[PDB]
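Student: What shape does this take:
(8 chains)
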Amino acid sequence: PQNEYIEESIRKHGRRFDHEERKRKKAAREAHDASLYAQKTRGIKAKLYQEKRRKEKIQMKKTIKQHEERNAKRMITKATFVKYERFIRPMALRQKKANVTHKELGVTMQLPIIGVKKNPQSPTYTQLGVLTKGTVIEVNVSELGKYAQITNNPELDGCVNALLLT
Amino acid sequence: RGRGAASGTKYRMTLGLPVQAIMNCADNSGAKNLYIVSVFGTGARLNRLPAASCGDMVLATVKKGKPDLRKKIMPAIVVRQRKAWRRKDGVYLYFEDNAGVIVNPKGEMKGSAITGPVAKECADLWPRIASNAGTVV
Amino acid sequence: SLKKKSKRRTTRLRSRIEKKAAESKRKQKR
Amino acid sequence: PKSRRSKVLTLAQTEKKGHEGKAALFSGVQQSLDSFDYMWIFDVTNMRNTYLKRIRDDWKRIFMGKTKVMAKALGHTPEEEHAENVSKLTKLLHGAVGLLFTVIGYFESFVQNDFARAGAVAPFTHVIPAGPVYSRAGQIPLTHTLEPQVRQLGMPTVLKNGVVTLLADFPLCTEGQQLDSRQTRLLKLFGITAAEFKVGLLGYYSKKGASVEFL
Amino acid sequence: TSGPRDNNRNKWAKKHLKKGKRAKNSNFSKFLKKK
Amino acid sequence: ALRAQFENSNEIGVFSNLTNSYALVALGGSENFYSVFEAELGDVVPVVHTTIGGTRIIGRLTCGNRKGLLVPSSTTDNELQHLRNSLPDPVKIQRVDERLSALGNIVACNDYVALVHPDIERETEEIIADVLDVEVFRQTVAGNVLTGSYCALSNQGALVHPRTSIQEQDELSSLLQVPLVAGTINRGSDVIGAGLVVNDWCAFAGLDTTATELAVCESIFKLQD
RNA sequence: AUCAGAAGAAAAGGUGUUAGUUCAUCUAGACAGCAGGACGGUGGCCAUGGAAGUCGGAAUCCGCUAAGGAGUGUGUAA
RNA sequence: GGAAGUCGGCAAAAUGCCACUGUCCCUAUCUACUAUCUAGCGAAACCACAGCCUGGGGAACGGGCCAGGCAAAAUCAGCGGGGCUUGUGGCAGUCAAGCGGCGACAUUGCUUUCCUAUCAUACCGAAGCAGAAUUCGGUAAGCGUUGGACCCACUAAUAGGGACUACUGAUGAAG
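Tutor: Residues are numbered from 1 along each chain as shown, chains lettered A, B, ... in the order given. Structure as follows:
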């Protein structure tokens, strides 16, 4: 069949006989259906409806609020950066780039980790380059050599989210 | 491709050729041997090696044959059987050797003239084989 | 029962409900 | 949390003044009573706003607002009313009646026809022939392109090859029968101007004469 | 596959039982019954 | 010509047989197939609702003409008795105790000339001449011994493999004393006997046969008049 | 309560019920329900095959007013 | 039928890639012995007391306790059984329901038996769903979820998971 064939069929033969009655009644009874859906359902499907109704309630509150306004083992267990290397540093834990967000600019910039300045946890972590919360790290800011503070936990989040010391 | 274009329906009969069995090539397509690797229409019967019978379709490999027909697993119709099977008429039948023909999935056989006797069952089901059969008893 | 669980809280629950309520009150005090 | 009728809301931003609007209508009624002359009592009828716009054009101001609200503002008792003998005038003062300033001859003679309203009696016995629909009772030399009207009619009409067809002869209206809402709506799609706008000039509350007759 | 426990299989089974299909069981017992 | 199918199979040369004197169709399956044959030949020749050896493939299991009909030794006495009762007197019926039971796949015959799979026994050749009253030629079509299935033949024409050479077509037609055509059927199905059934005035082909072939059979078998 | 009842998910949702708190109109007729009007410049302007308030971008103005939003949706190629 | 069983030619068979074979598909039948019963002879380990089951008893919840289900002598032969958690990341700014500076959603920045949470079969609602085929969702565990080295086919589909007494037959005293 060609192009909008059902539209042609609707035009040349009409829609269903009671179609307006069915859709009007469906448009009439969802108010009762919604409350029945909210009171009988249990579990994840309940919880998703719980949060999405709050979404629409807050939204409808804001659009209506706008309205009168219109009317008015010896191994590393944390992320690392690259005898002294007594412990094992996996290539998996190795981190090279960080998401450094400028304070004044307020833009998260992808910057390579030039090095780790100091680890507040222990000097051994700084020597081993163990990335932790509150550890100072220096990165190149030519495209923006500046220090920054980690605002995230690379062990859990898996991404080096840090804020520039500027 | 199983049970496809086989006209009517096949009565139940004894299972003669399990998986990994050797049959003679029955047509003059150029093949000599066929090797059963799988059987069409087998259910989830635990530890049941699928088996073939007259008028059945099986994935077969030309073990002995010209290299062009080899190297391609494809369905084949088992045209004869050595195990004794009873007709619904009551008489019990059996042939000397297990024979099969080389057929495309649609149902048209790839041969031009089949050799020796043909099972009356497969001639009933498969009109294409009945088109290309020499003697059926 | 008639339910999907047991209403009689086993004495472990009767044990640790009150103490965890006590830790909750201590948390508000802190 | 409570079973109640859900209220529909929109964003028209055209809500009426309510009490202020009633006060404005009362002020306009007082000014109309203070107008120069012609002391008319006639505001509206079954005709649409086009007739009212035409009437307002032939004047230099017909307006009534809420009926019996102007009378209440003036006051039925002669003490409250600024006019004379308004006690009987208020009884006659009802419905769509309002003052004007521009008359008697035009109102008596000029009566334009308009589409009928529900409740009246049909001026004739309109009949719709079967087959393809005739918008103007077969006056087209009323096309059959009424694709959406077929679904919007509800009456014995089916769409055959994209053409609305009345399977059985459906009498639209008959003379002497009360015009139902369905009958009036069906007649709206046709050219049935079964109405005539009238006026009321029984009396005139003249400033000096103060003789509002009951003619 | 429609299972023999299906209410509509059971429903149409009923209507077969109300044709000449069961009539050949009603008078069919009447055969012996006059003997 | 007609487009007809048995059950949902186009190979109506397998499931039925047709000559100038009678029509044999399969049993118990589609009586719609019987209706199709009856619709064109019901008032002219008998239409026998038969089986051969308890099978529906009677078309490929028998060979016959307007004069005589042959059946294999595999046919039962009951089915043979059925055929003789239904068939009229002028048609003779015989049991051919012959090497290759499937007579339809090896023998294609008309009222005057028959073509046989060379690998037949001499007594079979003698009885065919005795019964069919035709000259018997032990030749082959397109290099294939199955004359009956690869050579759909009638009184006014014949069809063979498209592969067979032009000189081979001329030899067969001259030895058959009838025009011949190298055509196809059922969209490349080369089993002409198994797809097309022909008498001297009507012909039936599978539903999957395209219009080009149907025009060809109409031309060669001249059914237009 | 279609599995009621005899601190953890918990924050939120329910056209379930009952009480209160703070605002609204109301015999100048409240809410709803109905009949009817719901207009004329104007198919305002770019935008386009066709966009006429309702595919799409800014105002979005005015005459009658008791009211008609350069328009609330459905819808029509329009 | 001849390695498809099994990690596999383990053990037989074939003799003294081909071929043979009950390893398997799938077991069946036959023979001897043990086995059972009878006459005789006749131990020991072990033994607080005993022996039905569900839940609960802070633990270790048990065989005794509690609350239930229940519960009719005596035996014979087999089998040995004994309130966590989930479907939705981290940094920064913006609102702002509101409360007492936070601030909720949103916005912008970068990087054997059982369970249902149902694969198939039954039904159902939606989708540019023309037909066919299919996608998503709902009720649903009645019923299936295969055969060979991540693969390669079959298949409607090859879904994801939890874990002395009893059991099975045989006699049996008695109102």
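Student: Only C-alpha atoms from now on, for both contacts and neighbour counts.
Tutor: Will do.
Student: residue contacts, residue F:197?
Tutor: F:12, F:13, F:16, F:17, F:18, F:152, F:203, F:204, F:205 (C-alpha atoms under 8 Å, 6 or more residues apart in numbering or on different chains).
Student: so the residue in chain F sticking out farthest from the centre is in which element?
Tutor: Most distant residue from the mean C-alpha position of chain F: residue F:167, 24.5 Å away (C-alpha atoms, centre = their mean). Per DSSP states H and E, residue F:167 falls inside helix F:166-176.
Student: So what touches that helix?
Tutor: Against helix F:166-176 from outside (C-alpha under 8 Å, 6+ apart): F:113, F:142, F:179, F:180, F:181, F:182.
Student: Tell me who's in contact with the first one.
Tutor: Taking C-alpha under 8 Å, 6+ apart, we find residue F:113 in contact with F:134, F:135, F:136, F:176.
Student: Show me which positions of the helix holding residue F:167 end up buried.
Tutor: Neighbour-count burial for helix F:166-176 flags F:169, F:172, F:173, F:176 (criterion: 16 or more other C-alpha atoms under 10 Å in any protein chain shown).
Student: what's the closest of those to chain A?
Tutor: residue F:169 (46.1 Å; C-alpha to the nearest C-alpha).
Student: so what's residue F:9 bridging to?
Tutor: Listed by DSSP bridges, the beta-bridge partners for residue F:9 are residue F:6.
Student: rewinding a little: may I see the contacts of residue F:113 organised as CSV, with secondary structure and distance to residue A:28 added?
Tutor: As requested, the contacts of residue F:113 are arranged in CSV below (DSSP: H, G, I helix; E, B strand; the rest coil; distance: C-alpha to C-alpha, whole Å):
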residue, secondary structure, distance to residue A:28
F:134, coil, 85
F:135, strand, 87
F:136, strand, 86
F:176, helix, 83
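Student: Going by distance to chain D, which of the residues you listed wins?
Tutor: residue F:176 (59.2 Å).
Student: Tell me how far that closest one lies from RNA strand G.
Tutor: Between residue F:176 and RNA strand G the distance is 67 Å, computed by C-alpha to the nearest atom of the strand, to the nearest Å.
Student: Indicate the residue of chain F located nearest to RNA strand H.
Tutor: Here the residue of chain F nearest RNA strand H is residue F:8; by C-alpha to the nearest atom of the strand that distance is 16.3 Å.
Student: quick one: secondary structure of residue F:80?
Tutor: helix (DSSP: H, G, I helix; E, B strand; the rest coil).
Student: for the residue of chain F closest to RNA strand H, what are its contacts?
Tutor: residue B:7.
Student: how far away is it from residue F:17?
Tutor: Look at residue F:8 and residue F:17: by C-alpha to C-alpha, to the nearest Å, they are 18 Å apart.
Student: what's the answer for residue B:126, then?
Tutor: From residue B:126 to residue F:17 the distance is 17 Å (C-alpha to C-alpha).
Student: Who has more neighbours out of those two?
Tutor: Between residue B:126 and residue F:17, residue F:17 has the larger neighbour count (other C-alpha atoms under 10 Å in any protein chain shown), namely 29 against 24.
Student: Tell me which stretches of chain D form helices.
Tutor: Using DSSP state H, the helices of chain D run over D:19-33, D:49-57, D:69-74, D:86-92, D:104-109, D:147-153, D:181-188.
Student: Of all those helices, which one is nearest residue E:5?
Tutor: helix D:147-153 (44.0 Å; C-alpha to C-alpha).
Student: helices or strands next to the closest one in the packing?
Tutor: Helices and strands touching helix D:147-153, by 3 or more C-alpha pairs under 8 Å, 6 or more residues apart in numbering or on different chains; DSSP states H and E, are strand D:157-160, strand D:163-166.
Student: Generate a markdown table for the ones you listed, with distance to residue F:46 as supplementary columns.
Tutor: Below are those laid out as a markdown table (distance: least, C-alpha to C-alpha, whole Å):
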| stretch | distance to residue F:46 |
| --- | --- |
| strand D:157-160 | 49 |
| strand D:163-166 | 53 |
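Student: how about these, which one is nearest chain B?
Tutor: The nearest among the helices and strands packed on helix D:147-153, by C-alpha to the nearest C-alpha, is strand D:157-160 at 43.0 Å.
Student: which outside residues touch that closest one?
Tutor: Residues outside strand D:157-160 that contact it (C-alpha under 8 Å, 6+ apart): A:12, A:13, A:14, D:150, D:164, D:165, D:166, D:167.
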